[PDB]
Amino acid sequence: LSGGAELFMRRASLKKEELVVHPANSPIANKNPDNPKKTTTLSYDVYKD
Amino acid sequence: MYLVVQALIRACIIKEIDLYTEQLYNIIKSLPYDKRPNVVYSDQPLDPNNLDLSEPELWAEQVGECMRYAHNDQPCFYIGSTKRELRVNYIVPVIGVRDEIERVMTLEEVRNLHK
Amino acid sequence: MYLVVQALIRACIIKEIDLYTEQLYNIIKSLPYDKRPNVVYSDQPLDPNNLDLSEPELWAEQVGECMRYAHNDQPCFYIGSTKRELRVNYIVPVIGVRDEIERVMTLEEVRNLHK
Amino acid sequence: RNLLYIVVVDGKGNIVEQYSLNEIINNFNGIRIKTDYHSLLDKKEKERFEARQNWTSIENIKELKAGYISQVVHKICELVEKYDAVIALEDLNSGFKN
Amino acid sequence: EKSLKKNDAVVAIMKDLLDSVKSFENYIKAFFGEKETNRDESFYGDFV
RNA sequence: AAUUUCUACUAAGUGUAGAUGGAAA
Ligand SMILES: [Mg+2]
């Protein structure tokens, strides 16, 4: 451990009125065609960014 | 007088376009990404009946992942690849190639687009 | 006179209820049949804001498979088990047990109902 | 027609192994899923072709490529360990790419 | 009218403009000969 | 489309595969 670490903070750059999210149980699609399973249904939320 | 009606029918149009989008984004949410149709994005509601396609300020790209907002449940879309960050709210399908748009694609054809 | 507006706002209400149903039937279409919420069926549109729950002509059963019509795309529902053939068009969730309805369940709770 | 093509020869001039790298094959949990990277690039290019300004649709591609030469580094530091070989790279100072 | 980032007409036009201008600047830049003997200083003066 | 961060994702469900040297200018 070459000493001299640091600690940064960065504010939330997105306004909470802008967030986008695949809702729960909504069967999402999958982009890569070679993948055989052509959908997906998570039981929670996928908050983009 | 006559400027409370024609300032209210312009809420019937919004409340119909919201239904149209809600009815579309639930069928763009199924097609595999390589078939979704060429759309005419814009950030203000679009009446997909007339749309005056000879307008000069509307392109026709392919529509990427159709997500859904966080606070309300407005169905926001995504044009082209995602990382362009072209988050547009209302769309309307067109059989139009990039700019020389030909006509507006009816709904049932967008649904029948899966095949 | 005043009987073309109050014969038009009663189309804004219909065009809002269609959107509400379109927005619900796309989340009843996911819950497993043993969790779908107790609804208040009826064949005429229901404003889920007021609904005057003290009305005497509306029950509260559990909602079965939420199908979708053939010619248009109206989202018809099905109350209780299917073979009752109780095809109702508009619904609205309620936390109400069979008849002593308590309140109307907000949308996000119906979505949050999956768990 | 290939983003990067690999052949590895013996001390005598036999093609020991040859293949293309249009299909980086992620190898997870025993079951392998291949993910193309040329079809992906062709789609993004056809997207640039109808984007009307391509200042942001020309950064996405310069990032995808630089995100594809960070998943071929592994398919190369795999061969090197597997064969204890040397690597042959075109020297760009004297090339005319068509 | 819109957010400049999403907007295009105020970026597509910007590009059509800056691209042509910068192409001209890139094309005329050649006329230096990089540090020589006599040249038409009457030309190179206004040129530079 | 979830990431110290980037890219491609959904990869068996709050994540999978690679890569990553940051702070200054
Ligand atoms: Mg990404």
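Residue numbers (this note's numbering), protein chains in the order written: chain A, 53 to 101; chain B, 1009 to 1123; chain C, 1009 to 1123; chain D, 7 to 104; chain E, -17 to 30. Every residue, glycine too, gets a C-beta built ideally from N, C-alpha and C.
Rounded distance between the beta-carbons of residue 1047 of chain C and residue 1105 of chain C, thought under 8 Å: Along the third sequence, read from residue 1 onward, the residue named residue 1105 of chain C stands at position 97. Along the third sequence, read from residue 1 onward, the residue named residue 1047 of chain C stands at position 39. Not really, about 12 Å apart at Cβ, beyond 8 Å.
Run through the DSSP bridge pairs and tell me what residue 38 of chain D is partnered with. Within the fourth sequence, the letter at position 32 stands for residue 38 of chain D. For residue 38 of chain D, the pairing in a beta bridge is given by DSSP as D/33.
According to DSSP, is residue 100 of chain D helix, strand or coil? On the fourth sequence, position 94 is the one that residue 100 of chain D refers to. The three-state secondary structure of residue 100 of chain D, taken from DSSP, is helix.
Residue 1087 of chain C to residue -7 of chain E, Cα distance in whole Å? As a working note, residue 1087 of chain C is residue 79 in the third sequence. As a working note, residue -7 of chain E is residue 11 in the fifth sequence. Going from the Cα of residue 1087 of chain C to the Cα of residue -7 of chain E covers about 54 Å.
If you draw a straight line from the alpha carbon of residue 1065 of chain C to that of residue 61 of chain A, how long is it in whole angstroms? As a first step, residue 1065 of chain C is located in the third sequence; it is residue number 57 there, counting from the start. As a first step, residue 61 of chain A is located in the first sequence; it is residue number 9 there, counting from the start. Taking the straight line from one Cα to the other gives about 60 Å.
Below 8 Å on the Cβ atoms is my guess for residue 42 of chain D versus residue 28 of chain D; work out the distance and round it to an integer in Å. As a first step, residue 42 of chain D is located in the fourth sequence; it is residue number 36 there, counting from the start. As a first step, residue 28 of chain D is located in the fourth sequence; it is residue number 22 there, counting from the start. With a Cβ gap of about 6 Å, residue 42 of chain D and residue 28 of chain D count as contacting.
Please confirm whether residue 28 of chain E has its beta-carbon closer than 8 Å to some beta-carbon of chain D. Counted from its first residue, the fifth sequence places residue 28 of chain E at position 46. Taking Cβ atoms only, chain D never reaches closer than 8 Å to residue 28 of chain E, which makes this a no.
Interface residues of chain B facing residue 1031 of chain C [CB-CB closer than 8 Å]: Your numbering for residue 1031 of chain C matches position 23 in the third sequence. Going along chain B in sequence order, the residues near residue 1031 of chain C (Cβ under 8 Å) are 1030 and 1081.
Using only CA atoms, which one of C/1063, C/1103 and C/1077 lies nearest to residue 1033 of chain C? Against the third sequence, residue 1033 of chain C aligns to sequence position 25. Of C/1063, C/1103 and C/1077, the residue nearest in Cα terms is C/1077.
Considering only their Cβ atoms, is the gap separating residue 1041 of chain B from residue 81 of chain A smaller than 8 Å? Numbered from its first residue, the first sequence carries residue 81 of chain A at position 29. Numbered from its first residue, the second sequence carries residue 1041 of chain B at position 33. Yes, they are a contact pair.
Return the chain-ordered list of same chain residues with a C-beta closer than 7 Å to the C-beta of residue 98 of chain A, the five sequence neighbours on each side being excluded. Here the question's residue 98 of chain A lines up with position 46 in the first sequence. Counting only Cβ-Cβ distances below 7 Å, and skipping sequence neighbours, we find 73 and 74.
Quick check: what's the CA-CA separation for residue 67 of chain D versus residue 1096 of chain B? Residue 67 of chain D sits at position 61 when you count from the first residue of the fourth sequence. Residue 1096 of chain B sits at position 88 when you count from the first residue of the second sequence. Those two C-alpha atoms are separated by around 22 Å.
Contact list for residue 66 of chain D against chain B, beta-carbon separation under 7 Å: Taking the first residue of the fourth sequence as 1, we reach residue 66 of chain D at position 60. Per Cβ cutoff of 7 Å: 1089, 1091 and 1092.
Helix, strand or coil for residue 70 of chain A? Go by DSSP, reduced to three states. Locating residue 70 of chain A in the first sequence gives position 18, counting from the first residue. Residue 70 of chain A falls in the coil class under three-state DSSP.
Determine the DSSP secondary structure at residue 1082 of chain C, reduced to helix, strand or coil. Position 74 of the third sequence, counting from 1, holds the residue named residue 1082 of chain C. The three-state reading of DSSP puts residue 1082 of chain C in coil, since its state is none of H, G, I, E or B.
Evaluate the contact criterion for the segment 1051 to 1061 of chain C versus the segment 1024 to 1033 of chain C: three or more CB pairs, one atom per stretch, below 8 Å. Contact between the segment 1051 to 1061 of chain C and the segment 1024 to 1033 of chain C is present, because at least three Cβ pairs lie under 8 Å.
When you compare the CB of residue 77 of chain A with every CB in chain C, is at least one pair closer than 8 Å? Taking the first sequence and counting its residues from 1, the one referred to as residue 77 of chain A is at position 25. At a cut-off of 8 Å between beta carbons, residue 77 of chain A contacts chain C.
Go ahead and pull the three-state DSSP assignment for residue 1029 of chain B. Here the question's residue 1029 of chain B lines up with position 21 in the second sequence. The three-state reading of DSSP puts residue 1029 of chain B in helix, counting H, G and I together.
If the cut is a Cβ gap below 8 Å, which residues of chain A does residue 1042 of chain B touch? Locating residue 1042 of chain B in the second sequence gives position 34, where the first residue counts as 1. Residues of chain A whose Cβ lies closer than 8 Å to the Cβ of residue 1042 of chain B are, in chain order, 85.
I'd like to know whether the C-beta of residue 1106 of chain B is nearer than 8 Å to at least one C-beta of chain D. Indexing the second sequence from 1 puts residue 1106 of chain B at position 98. With 8 Å as the cut-off, residue 1106 of chain B counts as an interface residue toward chain D.
Using a C-beta to C-beta distance shorter than 7 Å, which residues of chain B count as neighbours of residue 1125 of chain C? Shown here, chain C extends from 1009 to 1123; a query on residue 1125 of chain C therefore has no answer.
Taking the continuous beta strand (DSSP E) assigned at residue 1012 of chain B, which residues delimit it? Locating residue 1012 of chain B in the second sequence gives position 4, where the first residue counts as 1. Segment: none, residue 1012 of chain B is in no beta strand (DSSP E) and carries neither H nor E.
Helix, strand or coil for residue 5 of chain E? Go by DSSP, reduced to three states. Your numbering for residue 5 of chain E matches position 23 in the fifth sequence. In the structure shown, residue 5 of chain E sits in a helix (DSSP, three-state: H, G or I).
Just list the residues that DSSP pairs residue 21 of chain D with in beta bridges. The residue you call residue 21 of chain D lines up with position 15 of the fourth sequence. Residue 21 of chain D has D/15 as its beta-bridge partners, per DSSP.
Would you say residue 1119 of chain C lies against chain A (beta-carbon separation less than 8 Å)? To locate residue 1119 of chain C, count along the third sequence from 1; it is residue 111. Chain A, which has a Cβ nearer than 8 Å to the Cβ of residue 1119 of chain C, makes this yes.
Hey, quick one: how far does the beta strand (DSSP E) through residue 99 of chain A stretch, first residue to last? Sequence index remark: in the first sequence, residue 99 of chain A carries index 47 (1-based). Where residue 99 of chain A is concerned, the enclosing beta strand (DSSP E) stretches over 98 to 100.
Own chain residues within Cβ distance below 6 Å of residue 1109 of chain C, not counting five before or after: By 1-based counting over the third sequence, the position of residue 1109 of chain C is 101. 1061, 1068 and 1102.
Report all residues from its chain with a CB closer than 8 Å to the CB of residue 91 of chain D; omit the five preceding and five following residues, and keep chain order. Mapped onto the fourth sequence, residue 91 of chain D falls at position 85. So the list reads 14 and 85, once near-sequence residues are dropped.
Could you check where the alpha helix (DSSP H) with residue 15 of chain E kicks off and where it finishes? Looking up residue 15 of chain E in the fifth sequence gives position 33. Segment: none, residue 15 of chain E is in no alpha helix (DSSP H) and carries neither H nor E.
Euclidean distance between Cα positions of residue 1020 of chain B and residue 1098 of chain B: Stepping through the second sequence from its first residue, residue 1020 of chain B is reached at position 12. Stepping through the second sequence from its first residue, residue 1098 of chain B is reached at position 90. Distance between the alpha carbons of residue 1020 of chain B and residue 1098 of chain B: 16 Å.
Taking the Cβ atom as the reference point for each residue, do residue 1063 of chain B and residue 1023 of chain C lie within a distance shorter than 8 Å? Position 55 of the second sequence, counted from the first residue, corresponds to residue 1063 of chain B. Position 15 of the third sequence, counted from the first residue, corresponds to residue 1023 of chain C. At the C-beta level, residue 1063 of chain B and residue 1023 of chain C stay beyond 8 Å of one another.
Decide if residue 1094 of chain B is buried, meaning its Cβ has at least 16 other Cβ atoms within 10 Å, or exposed. On the second sequence, residue 1094 of chain B is found 86 positions in, with the first residue counted as 1. Around the beta carbon of residue 1094 of chain B, 16 or more other beta carbons sit within 10 angstroms, so the residue counts as buried.
Interface residues of chain B around residue 72 of chain D at Cβ under 7 Å? As a first step, residue 72 of chain D is located in the fourth sequence; it is residue number 66 there, counting from the start. Residues of chain B whose Cβ lies closer than 7 Å to the Cβ of residue 72 of chain D do not exist, since the nearest Cβ in that chain is about 13 Å away.
Closer than 8 Å between beta carbons: that is the criterion. Which residues of the segment -2 to 10 of chain E meet it against chain D? Flagged: no residues at all.
Measuring only from the beta carbon, is residue 1010 of chain B closer than 7 Å to any heavy atom that is part of ligand 3? This structure lacks ligand 3; the ligands present are ligand 1.
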